[PDB]
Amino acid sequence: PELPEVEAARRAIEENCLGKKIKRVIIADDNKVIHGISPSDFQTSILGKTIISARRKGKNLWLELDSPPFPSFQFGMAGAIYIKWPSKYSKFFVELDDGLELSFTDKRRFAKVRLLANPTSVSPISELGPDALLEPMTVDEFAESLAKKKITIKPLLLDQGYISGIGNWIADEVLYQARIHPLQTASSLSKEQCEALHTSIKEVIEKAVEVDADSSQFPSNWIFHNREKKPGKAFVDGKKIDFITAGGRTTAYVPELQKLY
């Protein structure tokens, strides 16, 4: 999940779970996902504490507790949060003093759950670039840095180091909206296009958050809705969609609108 999906989970927890003691904990005995601590230790630790606030940066979320260390989640490809089994794919589970349950699942096992004294000072959050939703580069700045990069525009957007939060489909959507080929070099962008990408990134990510990442509420005219179709049968507003790879990720774009020099 990309920024919208995580931001939705953060808001949901900030709304239903703050100020309640953790009465019961269950940590999946998953050597790969539960990173740097035994599910047992991890359990004993947070037991009895209270969530003081839910924080986020990029595709990362952590729970600030009334006392460290704090549990953090790097979603990966299939990470997800649930409030209300323990589901089969649950890796982190807690029942609060009011019967409310919170669970982090990962049906694919590509996520990372850690228990760090300060997630903000260490990987992966420490190397994260400014957040797309919390620290949006001003129009001028955005471009200014777009210049200093001799990299393809998309893989540039998929780099958590540069900017954090954007994912494969959010990248495609914004480039499409701003009518910019994914392979156009960063530095070779016009201060006109740079202001165009800047504006779509904002429209796309906000609306996405605004709808709690519920893809079905996504503007009908977003390429997103047809990026699932197979090559040769994928279209948007009559225009044809092409599937090329960039940054090692299948990239959907429309040659008739997204061109390059």
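The numbering used is simple: start at 1 and walk along the sequence shown.
Per the record, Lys84 and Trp85 are separated by a gap of 10 or more residues from the deposited sequence that were not modelled. For the pair 190-198 and 60-68, the mean B factor over Cα atoms is greater in 190-198. In this crystal structure, the stretch out of 176-184 and 142-150 whose C-alpha atoms carry the higher mean B factor is 142-150. Set against one another, the Cα B-factors of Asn118, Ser90, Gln74, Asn168 in the record reach their highest point at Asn118.
In the PDB entry, a CA B factor belonging to the lowest third of its chain's modelled residues is recorded for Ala12. Annotation for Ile34: C-alpha temperature factor in the lowest third relative to the rest of the modelled chain, per the entry. For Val6, the recorded CA temperature factor ranks within the lowest third of the chain's modelled residues.
In the deposited entry, the Cα temperature factor of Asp159 sits in the middle third of values across the chain's modelled residues.
Per the deposited record, the Cα B-factor of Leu96 falls in the highest third when ranked against the other modelled residues of its chain.
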